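Below is the file upload_6.cif, which contains mmCIF, C-alpha atoms and all ligand atoms.
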data_protein
loop_
_atom_site.label_atom_id
_atom_site.label_comp_id
_atom_site.auth_asym_id
_atom_site.auth_seq_id
_atom_site.Cartn_x
_atom_site.Cartn_y
_atom_site.Cartn_z
CA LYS A 14 -94.61 -38.06 27.04
CA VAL A 15 -92.55 -41.27 27.23
CA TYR A 16 -93.35 -44.67 25.69
CA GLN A 17 -91.43 -47.67 27.01
CA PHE A 18 -91.40 -51.12 25.45
CA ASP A 19 -89.83 -54.28 26.87
CA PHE A 20 -89.49 -56.72 23.97
CA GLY A 21 -89.58 -60.47 24.52
CA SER A 22 -91.76 -63.08 26.23
CA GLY A 23 -89.64 -64.21 29.18
CA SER A 24 -90.16 -61.40 31.68
CA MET A 25 -92.06 -58.09 31.70
CA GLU A 26 -90.48 -55.31 33.76
CA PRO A 27 -92.45 -52.58 35.58
CA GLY A 28 -92.78 -49.24 33.81
CA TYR A 29 -92.51 -51.04 30.47
CA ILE A 30 -95.15 -52.32 28.09
CA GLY A 31 -94.28 -55.92 27.29
CA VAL A 32 -94.24 -56.53 23.54
CA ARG A 33 -94.08 -60.08 22.24
CA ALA A 34 -93.17 -61.12 18.68
CA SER A 35 -96.76 -62.25 18.03
CA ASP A 36 -98.17 -58.87 19.06
CA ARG A 37 -99.45 -57.72 15.67
CA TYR A 38 -99.78 -53.97 15.17
CA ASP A 39 -103.16 -53.00 16.65
CA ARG A 40 -104.31 -49.43 16.01
CA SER A 41 -106.64 -49.52 19.03
CA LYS A 42 -103.54 -50.23 21.13
CA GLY A 43 -101.21 -48.00 19.13
CA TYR A 44 -98.30 -50.40 18.62
CA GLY A 45 -97.23 -53.83 17.41
CA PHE A 46 -95.43 -55.65 14.62
CA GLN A 47 -96.49 -55.08 11.02
CA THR A 48 -95.49 -58.59 9.93
CA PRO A 49 -95.38 -60.83 13.06
CA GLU A 50 -94.64 -63.90 10.89
CA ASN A 51 -91.05 -62.66 10.55
CA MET A 52 -90.53 -61.87 14.23
CA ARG A 53 -89.39 -64.32 16.91
CA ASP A 54 -89.09 -64.19 20.71
CA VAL A 55 -85.57 -64.93 21.94
CA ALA A 56 -83.64 -64.94 25.18
CA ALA A 57 -80.99 -62.29 25.87
CA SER A 58 -77.93 -62.30 28.16
CA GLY A 59 -78.66 -59.20 30.26
CA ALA A 60 -80.63 -58.14 33.32
CA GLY A 61 -84.09 -56.59 33.40
CA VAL A 62 -85.46 -55.72 29.97
CA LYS A 63 -82.15 -57.05 28.60
CA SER A 64 -83.02 -60.60 29.68
CA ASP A 65 -85.22 -61.11 26.60
CA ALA A 66 -85.85 -59.77 23.11
CA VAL A 67 -87.45 -60.19 19.69
CA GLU A 68 -85.43 -61.12 16.61
CA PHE A 69 -86.06 -59.62 13.18
CA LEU A 70 -85.98 -62.57 10.76
CA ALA A 71 -86.61 -60.31 7.77
CA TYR A 72 -84.63 -57.07 7.60
CA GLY A 73 -83.24 -54.31 5.40
CA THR A 74 -84.02 -50.57 5.57
CA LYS A 75 -87.07 -50.99 3.31
CA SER A 76 -88.38 -54.12 5.02
CA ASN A 77 -91.99 -54.08 6.19
CA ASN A 78 -90.91 -56.26 9.11
CA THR A 79 -91.05 -53.33 11.54
CA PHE A 80 -92.30 -52.55 15.02
CA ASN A 81 -94.83 -49.74 14.64
CA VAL A 82 -95.94 -47.21 17.21
CA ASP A 83 -98.48 -44.46 16.59
CA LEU A 84 -97.26 -41.10 17.91
CA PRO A 85 -98.46 -37.49 17.70
CA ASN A 86 -96.29 -35.68 15.15
CA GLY A 87 -93.16 -33.96 16.44
CA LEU A 88 -89.47 -34.62 17.16
CA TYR A 89 -88.71 -37.70 19.25
CA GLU A 90 -85.77 -39.11 21.16
CA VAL A 91 -85.35 -42.85 20.72
CA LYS A 92 -83.17 -44.86 23.08
CA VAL A 93 -82.42 -48.30 21.64
CA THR A 94 -81.43 -51.37 23.64
CA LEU A 95 -80.58 -54.46 21.60
CA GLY A 96 -80.63 -58.13 22.54
CA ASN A 97 -77.70 -60.50 21.99
CA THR A 98 -75.69 -58.74 19.31
CA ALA A 99 -72.56 -59.30 17.21
CA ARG A 100 -73.02 -56.23 14.99
CA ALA A 101 -76.28 -54.60 13.90
CA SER A 102 -77.75 -51.28 12.76
CA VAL A 103 -81.08 -49.63 13.49
CA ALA A 104 -83.43 -48.46 10.73
CA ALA A 105 -86.52 -46.26 10.98
CA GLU A 106 -88.67 -44.52 8.39
CA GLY A 107 -86.93 -46.45 5.61
CA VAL A 108 -83.32 -45.45 6.37
CA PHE A 109 -80.40 -46.17 8.70
CA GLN A 110 -80.50 -44.31 12.03
CA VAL A 111 -77.68 -45.96 14.03
CA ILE A 112 -74.69 -47.71 12.44
CA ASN A 113 -73.07 -50.94 13.63
CA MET A 114 -73.86 -51.12 17.34
CA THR A 115 -72.07 -54.12 18.91
CA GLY A 116 -72.31 -56.33 21.98
CA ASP A 117 -75.29 -57.84 23.78
CA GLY A 118 -77.59 -55.17 25.17
CA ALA A 119 -75.82 -52.48 23.15
CA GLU A 120 -77.47 -49.10 23.59
CA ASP A 121 -77.54 -45.77 21.80
CA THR A 122 -79.89 -42.84 21.34
CA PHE A 123 -80.99 -40.82 18.31
CA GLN A 124 -83.53 -38.15 17.46
CA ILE A 125 -86.08 -38.50 14.68
CA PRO A 126 -88.99 -36.43 13.39
CA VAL A 127 -92.37 -38.16 13.15
CA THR A 128 -94.51 -36.62 10.40
CA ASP A 129 -97.00 -39.29 9.31
CA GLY A 130 -98.12 -40.02 12.87
CA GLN A 131 -96.32 -43.36 13.19
CA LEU A 132 -92.79 -44.66 13.84
CA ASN A 133 -91.63 -47.82 12.03
CA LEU A 134 -88.38 -49.31 13.30
CA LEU A 135 -86.34 -52.50 12.94
CA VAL A 136 -82.89 -53.81 13.79
CA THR A 137 -81.09 -54.71 10.60
CA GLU A 138 -78.04 -55.88 8.73
CA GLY A 139 -74.82 -54.82 10.24
CA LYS A 140 -73.05 -58.17 10.02
CA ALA A 141 -74.87 -60.54 7.69
CA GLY A 142 -75.53 -63.92 9.28
CA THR A 143 -75.85 -62.67 12.85
CA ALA A 144 -78.97 -62.16 14.99
CA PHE A 145 -80.69 -58.77 14.75
CA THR A 146 -82.40 -58.46 18.12
CA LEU A 147 -84.21 -55.79 20.12
CA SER A 148 -84.66 -55.84 23.92
CA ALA A 149 -86.20 -52.45 24.63
CA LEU A 150 -87.18 -49.02 23.39
CA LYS A 151 -87.63 -45.71 25.19
CA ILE A 152 -89.37 -43.08 23.08
CA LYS A 153 -89.59 -39.53 24.41
CA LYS A 154 -91.11 -36.48 22.71
CA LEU A 155 -88.72 -33.52 22.48
CA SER A 156 -90.78 -30.97 20.56
CA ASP A 157 -94.16 -30.45 18.89
CA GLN A 158 -92.25 -29.20 15.87
CA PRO A 159 -91.50 -32.21 13.66
CA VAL A 160 -88.13 -30.80 12.59
CA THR A 161 -84.64 -32.04 13.42
CA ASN A 162 -82.25 -30.06 15.61
CA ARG A 163 -79.01 -28.67 14.17
CA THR A 164 -76.78 -31.67 13.48
CA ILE A 165 -73.31 -32.71 12.38
CA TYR A 166 -73.65 -35.79 10.15
CA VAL A 167 -70.40 -37.75 10.06
CA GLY A 168 -69.29 -40.00 7.22
CA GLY A 169 -66.18 -42.17 7.38
CA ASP A 170 -64.48 -45.52 7.93
CA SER A 171 -62.90 -47.49 10.80
CA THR A 172 -60.87 -44.49 12.00
CA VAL A 173 -64.05 -42.37 12.19
CA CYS A 174 -66.94 -44.69 13.16
CA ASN A 175 -68.44 -45.53 16.54
CA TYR A 176 -67.28 -48.48 18.63
CA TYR A 177 -69.31 -49.87 21.54
CA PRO A 178 -69.80 -49.33 24.37
CA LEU A 179 -69.76 -45.66 23.28
CA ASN A 180 -68.11 -44.45 26.49
CA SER A 181 -65.99 -47.48 27.29
CA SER A 182 -64.65 -48.87 24.01
CA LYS A 183 -60.91 -49.52 23.86
CA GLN A 184 -61.01 -48.48 20.20
CA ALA A 185 -62.83 -45.48 18.74
CA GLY A 186 -63.23 -43.33 15.65
CA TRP A 187 -62.71 -39.60 16.10
CA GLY A 188 -66.30 -39.00 15.07
CA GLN A 189 -67.21 -40.86 18.25
CA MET A 190 -65.18 -38.33 20.27
CA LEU A 191 -66.47 -35.29 18.41
CA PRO A 192 -69.29 -34.69 20.91
CA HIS A 193 -66.64 -34.12 23.59
CA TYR A 194 -65.47 -31.03 21.71
CA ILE A 195 -68.48 -29.17 20.34
CA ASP A 196 -71.49 -27.75 22.19
CA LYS A 197 -74.35 -30.25 22.45
CA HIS A 198 -76.73 -27.30 22.84
CA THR A 199 -75.60 -26.23 19.37
CA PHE A 200 -75.16 -29.48 17.47
CA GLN A 201 -76.34 -33.06 17.54
CA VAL A 202 -73.71 -35.50 16.31
CA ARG A 203 -74.78 -38.45 14.17
CA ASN A 204 -71.74 -40.60 13.35
CA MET A 205 -72.82 -42.63 10.31
CA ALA A 206 -69.31 -43.84 9.45
CA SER A 207 -68.71 -47.59 9.16
CA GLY A 208 -65.68 -49.87 9.32
CA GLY A 209 -63.92 -50.57 6.04
CA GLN A 210 -66.12 -48.20 4.03
CA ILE A 211 -65.13 -46.45 0.80
CA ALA A 212 -66.77 -43.56 -1.08
CA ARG A 213 -68.71 -45.74 -3.53
CA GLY A 214 -70.21 -47.82 -0.73
CA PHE A 215 -71.06 -44.87 1.50
CA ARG A 216 -72.87 -43.35 -1.47
CA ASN A 217 -74.69 -46.38 -2.84
CA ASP A 218 -75.44 -48.70 0.08
CA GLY A 219 -77.57 -46.61 2.43
CA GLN A 220 -75.33 -44.31 4.47
CA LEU A 221 -75.68 -41.29 2.18
CA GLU A 222 -79.42 -41.88 1.73
CA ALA A 223 -79.85 -41.91 5.52
CA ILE A 224 -78.16 -38.52 5.81
CA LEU A 225 -79.91 -36.92 2.81
CA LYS A 226 -83.18 -37.89 4.47
CA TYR A 227 -82.69 -35.28 7.20
CA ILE A 228 -79.73 -32.98 6.47
CA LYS A 229 -80.80 -29.37 5.85
CA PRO A 230 -79.55 -25.77 5.95
CA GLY A 231 -77.58 -25.17 9.13
CA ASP A 232 -76.23 -28.71 9.37
CA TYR A 233 -72.76 -29.98 8.50
CA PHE A 234 -71.77 -33.12 6.62
CA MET A 235 -68.36 -34.03 8.02
CA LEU A 236 -66.83 -36.54 5.63
CA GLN A 237 -63.49 -38.38 5.84
CA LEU A 238 -62.82 -41.26 3.46
CA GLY A 239 -59.87 -42.34 1.33
CA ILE A 240 -58.14 -44.94 3.48
CA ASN A 241 -59.94 -48.07 2.27
CA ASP A 242 -60.47 -46.46 -1.12
CA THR A 243 -56.80 -47.02 -1.97
CA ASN A 244 -57.10 -50.79 -1.48
CA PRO A 245 -56.95 -52.43 -4.97
CA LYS A 246 -59.66 -55.01 -4.20
CA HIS A 247 -62.36 -52.32 -4.44
CA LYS A 248 -61.04 -51.37 -7.88
CA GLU A 249 -61.85 -47.73 -7.13
CA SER A 250 -59.34 -45.47 -8.89
CA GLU A 251 -58.50 -42.04 -7.54
CA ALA A 252 -60.51 -40.71 -10.47
CA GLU A 253 -63.61 -42.71 -9.49
CA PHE A 254 -63.06 -41.77 -5.86
CA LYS A 255 -62.99 -38.08 -6.80
CA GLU A 256 -66.12 -38.42 -8.98
CA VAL A 257 -68.19 -40.23 -6.34
CA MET A 258 -67.05 -37.81 -3.65
CA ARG A 259 -67.98 -34.87 -5.87
CA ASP A 260 -71.50 -36.23 -6.37
CA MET A 261 -72.12 -36.73 -2.65
CA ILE A 262 -70.98 -33.18 -1.93
CA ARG A 263 -73.35 -31.81 -4.56
CA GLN A 264 -76.29 -33.86 -3.31
CA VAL A 265 -75.72 -32.63 0.22
CA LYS A 266 -75.23 -29.04 -0.92
CA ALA A 267 -78.48 -29.42 -2.86
CA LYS A 268 -80.16 -29.78 0.55
CA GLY A 269 -78.78 -26.42 1.66
CA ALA A 270 -76.40 -27.97 4.19
CA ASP A 271 -72.63 -27.43 4.29
CA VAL A 272 -69.80 -29.89 3.71
CA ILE A 273 -66.56 -30.25 5.65
CA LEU A 274 -64.04 -32.59 4.01
CA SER A 275 -61.20 -34.11 6.03
CA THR A 276 -57.92 -35.62 4.85
CA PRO A 277 -57.50 -38.87 6.80
CA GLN A 278 -54.48 -39.07 9.10
CA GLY A 279 -51.72 -41.53 8.27
CA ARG A 280 -50.18 -44.53 10.01
CA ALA A 281 -48.59 -44.38 13.47
CA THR A 282 -45.25 -45.33 11.91
CA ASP A 283 -45.05 -42.70 9.15
CA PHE A 284 -41.98 -41.16 10.84
CA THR A 285 -38.79 -40.34 8.95
CA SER A 286 -35.22 -40.78 10.21
CA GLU A 287 -35.34 -37.21 11.48
CA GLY A 288 -38.37 -38.10 13.60
CA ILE A 289 -40.81 -36.12 11.46
CA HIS A 290 -44.25 -37.64 10.87
CA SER A 291 -45.41 -37.33 7.25
CA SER A 292 -48.30 -38.93 5.34
CA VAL A 293 -49.00 -36.21 2.76
CA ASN A 294 -49.51 -38.67 -0.11
CA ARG A 295 -51.72 -41.25 1.60
CA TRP A 296 -55.41 -42.03 1.16
CA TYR A 297 -55.95 -40.01 -2.06
CA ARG A 298 -55.28 -36.79 -0.11
CA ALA A 299 -54.52 -34.98 -3.37
CA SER A 300 -58.08 -35.47 -4.64
CA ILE A 301 -59.62 -34.39 -1.35
CA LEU A 302 -57.74 -31.07 -1.46
CA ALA A 303 -58.78 -30.50 -5.07
CA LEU A 304 -62.43 -31.30 -4.34
CA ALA A 305 -62.53 -28.78 -1.50
CA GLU A 306 -61.46 -26.01 -3.89
CA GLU A 307 -63.47 -27.18 -6.90
CA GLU A 308 -66.73 -27.76 -4.99
CA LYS A 309 -66.07 -24.96 -2.50
CA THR A 310 -66.37 -26.98 0.70
CA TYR A 311 -64.76 -26.41 4.10
CA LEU A 312 -61.55 -28.37 4.65
CA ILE A 313 -59.77 -29.80 7.69
CA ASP A 314 -56.34 -31.07 6.65
CA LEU A 315 -56.28 -33.51 9.55
CA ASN A 316 -53.54 -35.42 7.71
CA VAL A 317 -51.09 -32.55 8.21
CA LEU A 318 -52.46 -31.24 11.50
CA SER A 319 -52.30 -34.71 13.06
CA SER A 320 -48.81 -35.33 11.65
CA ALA A 321 -47.66 -32.09 13.28
CA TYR A 322 -49.05 -33.34 16.59
CA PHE A 323 -47.39 -36.75 16.25
CA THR A 324 -44.11 -35.06 15.33
CA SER A 325 -44.40 -32.94 18.49
CA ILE A 326 -44.93 -35.90 20.83
CA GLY A 327 -42.55 -38.42 19.27
CA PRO A 328 -42.90 -41.90 17.68
CA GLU A 329 -43.17 -43.73 21.01
CA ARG A 330 -46.06 -41.64 22.36
CA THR A 331 -47.77 -41.52 18.95
CA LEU A 332 -47.73 -45.31 18.93
CA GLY A 333 -49.74 -45.10 22.14
CA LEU A 334 -52.52 -43.34 20.24
CA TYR A 335 -53.15 -46.34 17.98
CA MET A 336 -54.41 -49.85 18.75
CA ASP A 337 -51.62 -52.19 19.87
CA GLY A 338 -49.80 -53.77 16.94
CA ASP A 339 -52.16 -51.79 14.71
CA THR A 340 -50.61 -48.83 12.89
CA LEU A 341 -53.84 -47.85 11.13
CA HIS A 342 -56.61 -47.75 13.75
CA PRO A 343 -56.52 -45.07 16.46
CA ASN A 344 -57.48 -46.11 19.99
CA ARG A 345 -59.70 -44.00 22.23
CA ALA A 346 -56.81 -41.65 23.10
CA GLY A 347 -55.78 -41.23 19.48
CA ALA A 348 -59.41 -40.76 18.44
CA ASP A 349 -59.80 -38.10 21.11
CA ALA A 350 -56.74 -36.14 19.97
CA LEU A 351 -57.84 -36.31 16.34
CA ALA A 352 -61.28 -34.96 17.27
CA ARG A 353 -59.63 -32.22 19.33
CA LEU A 354 -57.44 -31.18 16.41
CA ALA A 355 -60.41 -31.25 14.04
CA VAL A 356 -62.52 -28.86 16.12
CA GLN A 357 -59.52 -26.66 16.96
CA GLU A 358 -59.10 -26.28 13.20
CA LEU A 359 -62.79 -25.48 12.64
CA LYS A 360 -62.50 -22.72 15.23
CA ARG A 361 -59.32 -21.34 13.65
CA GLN A 362 -61.20 -20.96 10.37
CA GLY A 363 -64.10 -19.32 12.19
CA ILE A 364 -66.60 -21.78 10.75
CA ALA A 365 -70.13 -20.95 11.95
CA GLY A 366 -71.15 -22.92 15.02
CA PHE A 367 -67.66 -23.77 16.25
MN MN A 401 -88.79 -58.53 28.94
#
What do you get writing this file as structure tokens?
Ligand SMILES: [Mn+2]
Amino acid sequence: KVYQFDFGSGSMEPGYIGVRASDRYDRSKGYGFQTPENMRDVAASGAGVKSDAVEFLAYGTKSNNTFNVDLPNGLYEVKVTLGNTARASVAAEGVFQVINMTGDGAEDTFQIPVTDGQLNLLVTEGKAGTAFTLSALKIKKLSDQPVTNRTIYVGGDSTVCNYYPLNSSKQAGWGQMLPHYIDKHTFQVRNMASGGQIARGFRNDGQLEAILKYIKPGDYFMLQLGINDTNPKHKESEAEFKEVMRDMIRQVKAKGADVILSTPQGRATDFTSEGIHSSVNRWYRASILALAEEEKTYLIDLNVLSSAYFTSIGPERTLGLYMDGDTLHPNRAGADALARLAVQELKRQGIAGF
């Protein structure tokens, strides 16, 4: 049970159903665009199905400008292949599914339950002003039960989010490396974090809604914010931060799922004269600790655990775990060590599933 669509009008590759921007949704065919007037055929820089694409001229998670495909109810695996891309997200069923994919022909995969017998997807606002294009889709049915598998939903900022290509990016958020440390046969990992995000934004602009749409008992909401929240331009006091964070935790707990809060690690240069790495007062850490106790959530003090690791390897090596000339953003290696520490901590606490 696999449906394959090659979007665009330049070339149609074998094994794929060619879908052009003017192909209006036709129920007798089972697929097509709901509002073709806002779709456009465009060239793409890659090979095969990546040589062409369709561009969504109208977007937004609630936009009717979607590509629809009728499908028997159940759980589906959706592999997305974009066209020429600066930075874009994928939306389906009215909410975000993949956050900020980058690069022409960017690809990623996600699972989604189909309950009304039809999938409605679009590529949407990641970076405003850039082209939101789609080159291909591979839709495969995983189960007749339209229910999601156990999943770890990750919330966060630039030090947590996904960078593309997923397995080749020079930079990475530890949420992107999480899958390399937990059992895939136990958990699915959906890293919904985004660069430069704060608590207020994660809550109000779509990311939380996307997670509340599917999170349920058995799942985990792994949240790490506080870095960007301290920037004055957002005018988000520690008090507001704490309030917003509290609300998100309650909303997620209201779904029966569990919450794991994480204190964000510090800067690569937070070393004292004695060579000890300390960042105990950064990124509103104080409020995160309090919230864990007050709202009874699980807690990974990655701030301290990571500092202990940096202290044990020295300033020079620690510097090699962050982007060059960048003391805030971890590179792939740093992201991998942070993820390692995070899971090692979850196991030490004996948290179910780890
Ligand atoms: Mn094509």
Give the answer as one residue: which of A:129, A:218, A:68, A:106 has the shortest atom-to-atom distance to residue A:143, using all atoms listed in the file?
A:68
Residue among A:17, A:86, A:180, A:115 lying closest to ligand MN 401 (chain A), counting only C-alpha atoms and all ligand atoms
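The answer is A:17, which sits nearest to ligand MN 401 (chain A).
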Would you mind telling me which residue in A:41, A:171, A:64, A:207 lies nearest to ligand MN 401 (chain A) when using only C-alpha atoms and all ligand atoms?
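Under the stated criterion, the closest residue is A:64.
With only C-alpha atoms and all ligand atoms as the basis for measurement, A:22 is the residue among A:204, A:292, A:137, A:22 that approaches ligand MN 401 (chain A) most closely.
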For residue A:270, find every residue with an atom within 7 Å (counting all atoms listed in the file), except residues of its own chain fewer than 5 positions away, and show them as a list in words.
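In the requested form, the answer reads residues 228, 229, 230, 231, 232, 233 and 265 of chain A.
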Go ahead and compute the interatomic distance for atom CA of residue A:238 and atom CA of residue A:185, in Å to one decimal.
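Computed distance, atom CA of residue A:238 to atom CA of residue A:185, equals 15.9 Å.
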Report the distance between atom CA of residue A:362 and atom CA of residue A:333 in Å, rounded to one decimal place.
29.2 Å
Residues up to 7 Å from ligand MN 401 (chain A), counting only C-alpha atoms and all ligand atoms: could you list those as a VMD selection string?
chain A and resid 19 to 26 31 61 to 66
